[PDB]
Each structure stands twice: as structure tokens, then as C-alpha cells.
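The next block holds one structure in the form of C-alpha cells; read it before the comments.
Nothing fancy with the numbering, it's 1 onward along the sequence. Side-chain atoms are counted along with the backbone in the values below, which use heavy atoms only and exclude waters and symmetry mates.
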Amino acid sequence: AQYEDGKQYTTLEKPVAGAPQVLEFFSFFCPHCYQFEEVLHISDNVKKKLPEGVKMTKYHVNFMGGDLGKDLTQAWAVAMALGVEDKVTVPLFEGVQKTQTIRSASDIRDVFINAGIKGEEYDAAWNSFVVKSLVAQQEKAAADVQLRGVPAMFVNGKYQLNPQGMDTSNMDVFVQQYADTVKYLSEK
Ligand SMILES: OCc1ccccc1
Ligand SMILES: OCc1ccccc1
Ligand SMILES: [Cu+2]
């Protein structure tokens, strides 16, 4: 077949009920995630082929970067709660990995202030139980898919994208196959 279990994707032994339709895991500390998001634009390319009414969920992970990694998961929870993911994703990636000016929770907060989020609003979100719940949600989701590394993407809580089984000989062919595979899995 054109799409084959074990090639472009794998199948979880224990599928996850109630999982988001398309669930991506990343870290702002992860060099491959920087490439994935800032160079290859995989999430955008996946969105360009997704059907009507299929939402992309992106969760941050704790296990890269120690204390700062956890601060970044909490700040990603703030971004989701305030709906500002598309204002902070690029400056957070660049602040951690390009300029390396993000070394503390305050440096993360500066990115939000510079992007126009009011200081009192960031702080209220940062300290909120809504955000603590979103942190726990991201952690539980990683547990449910038995997450072993990032970047990773899962469809319908059943299928895991397998970029190592795709055509890596050309970056455009690769990105297209990845997005095409997500669409195939969403309809599967
Ligand atoms: O991060 C954007 C960028 C990278 C390299 C050169 C110019 C701009
Ligand atoms: O500042 C830590 C970091 C730098 C470059 C790539 C990943 C993480
Ligand atoms: Cu091909």
C-alpha cells in the first residue's frame, strides 16, 4: 500500500480515548523542534491540508532544560489560556536557541510583555489554577502516548507519525509527505 503501518506512521499498542484529533508535542529547548517549527514549518504545513473541523493541539514537554523547561511548559500553558500562541512561538524559540537571552522565568515573561500582553494579565494567568490544570493536562497527555522524545505527533490517539520512515532526501518532499500522512491518518 502507499501508506503502511511501520513506514510513515506507527500504531499505539494502547490507544488514547478522548485525545485531540491531532496532537503535537514539542520543546522550546529542542533543536529538532526549532527546525521543525521555524525552518520546516511542519505545523503550518499540516494545517494547510487538514479537513474542515480538525484542530491542531500543541503541547510543551518538561523533560528538556530542567527548571527552565518546566517554566516553558507553564508559559506555554499561559499562551494557550490567553490565546497568544501565535504571538510568542517565534520569540520563545529564538530567545531560547538563537539569542540565548531566555535563561529564567522572568526572561520568558519579557517575551510576553514585549508582544503586548499586559504584565498584570500575564502574572494572573501564570499564577492561576487554570494554568496549573493546563500544565497537568500536557503532562498527562505525554503519559498517555508513552512519549519518549520530541518532536512527536499523534492522530486520534491511535497513530504516531514516523518521520524516520519518510523520504528524507529532499526537505520539501519530506514536509509534504509528513503533512499528507497526517491527513491520511485523520481520515483513517
Ligand atoms: O531568525 C531569523 C533569521 C535567521 C537568520 C538570519 C536572519 C534572520
Ligand atoms: O539555550 C539552550 C539551547 C540552545 C540551543 C539549542 C537548544 C537549547
Ligand atoms: Cu514519495
Inset, instruction - Assert yes or no for the condition that the ring centre distance of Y9 to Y178 is strictly below 6.0 Å. - result: no

Legend entry - Joint cluster assignment, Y3 & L185, ILVMFWY side-chain distance < 4.5 Å: yes

Inset, instruction - Determine the minimum heavy-atom distance between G149 and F63, stating which atoms define it. - result: CA-CZ, 3.8 Å

Legend entry - Closest approach of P163 to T168 (non-hydrogen atoms, all atoms of both residues): O-CG2, 4.2 Å

Legend entry - Nearest atoms (heavy-atom pairs only) where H41 meets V39: CD2-O, 3.3 Å

Inset, instruction - Take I42 and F174 through the side chain to side chain contact (heavy atoms under 4.5 Å, CB included) test and state the conclusion after the steps. - result: CA-CA 10 Å; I42 288 179; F174 172 82; 4.0 Å; yes

Inset, instruction - Quick one: list whatever passes side-chain contact (heavy atoms from CB on, under 4.5 Å) with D107, sequence neighbours left out. - result: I102, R103, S104, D110

Inset, instruction - With sequence neighbours left out, write down each residue that passes ring-ring contact (aromatic ring centres under 6.0 Å, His included) with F28, or none if nothing qualifies. - result: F26, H60, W76, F93

Inset, instruction - Scan side-chain atoms only and decide if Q176 and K49 contain a donor-acceptor pair under the 3.5 Å cut-off. - result: yes

Legend entry - Residue pair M80, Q138: steps toward the side chain to side chain contact (heavy atoms under 4.5 Å, CB included) verdict: CA-CA 11 Å; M80 293 185 291; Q138 300 173 86; 3.6 Å; yes

Legend entry - For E37, all residues meeting salt bridge (charged side-chain N to carboxylate O under 4.0 Å, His left out), sequence neighbours excluded: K58

Inset, instruction - Treat each ILVMFWY residue as a node, draw an edge where side-chain heavy atoms are under 4.5 Å apart, and state whether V46 and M171 are in one component. - result: yes

Inset, instruction - Using the test side-chain contact (heavy atoms from CB on, under 4.5 Å), find all partners of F25 that sit at least two apart in sequence or belong to another chain. - result: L23, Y59, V61, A141, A142, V145, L147, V150, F154

Inset, instruction - Please answer whether the main-chain N or O of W126 pairs with a side-chain N or O of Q74 as donor and acceptor at a distance below 3.5 Å. - result: yes

Legend entry - Nearest-0.5 Å distance that lies between atom CG in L50 and atom CD in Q21: 8.5 Å

Legend entry - side chain to side chain contact (heavy atoms under 4.5 Å, CB included) evaluation trace for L68 with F29: CA-CA 9 Å; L68 191 59; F29 256 95; 3.5 Å; yes

Inset, instruction - Please check if the side chain of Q160 supplies one atom and the backbone of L12 the other of a donor-acceptor pair under 3.5 Å. - result: no

Legend entry - Sequence-distant partners of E139, salt bridge (charged side-chain N to carboxylate O under 4.0 Å, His left out), two or more places apart: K70

Legend entry - Interatomic spacing from CG in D123 to OG in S128 - rounded to 0.5 Å: 11.0 Å

Inset, instruction - With sequence neighbours left out, write down each residue that passes side-chain contact (heavy atoms from CB on, under 4.5 Å) with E187, or none if nothing qualifies. - result: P51, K183

Legend entry - Shortest non-hydrogen contact from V182 toward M153: CG2-SD, 3.8 Å

Inset, instruction - Could you note down all residue pairs passing salt bridge (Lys or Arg N to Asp or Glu O under 4.0 Å) where residues 23-34 supplies at least one of them, sequence neighbours left out? - result: none

Inset, instruction - Write down the atom of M64, the atom of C30, and the distance for their closest heavy-atom approach. - result: SD-CB, 3.6 Å

Legend entry - Stepwise side chain to side chain contact (heavy atoms under 4.5 Å, CB included) test for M56 and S43: CA-CA 8 Å; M56 281 216 39; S43 301; 4.3 Å; yes

Inset, instruction - Indicate whether the side chain of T10 and that of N162 have a donor and an acceptor atom separated by less than 3.5 Å. - result: no

Inset, instruction - Check for a donor-acceptor pair, side chain of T89 on one end and backbone N or O of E85 on the other, with a separation under 3.5 Å. - result: yes

Legend entry - Atom CG of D67 with >12 non-hydrogen neighbours under 6.0 angstrom: no

Inset, instruction - Mind checking salt bridge (charged side-chain N to carboxylate O under 4.0 Å, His left out) for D71 and listing every partner two or more places apart, or none if nothing turns up? - result: none

Legend entry - Atom of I113, atom of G119 and distance for their closest heavy-atom approach: CD1-CA, 3.4 Å

Legend entry - Linked, directly or transitively: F129 and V135 (ILVMFWY side chains, under 4.5 Å): no

Legend entry - Gap separating the CD1 atom of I108 from the CZ atom of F112, nearest 0.5 angstrom: 8.0 Å

Legend entry - For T99, side-chain contact (heavy atoms from CB on, under 4.5 Å) partners two or more places apart: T101

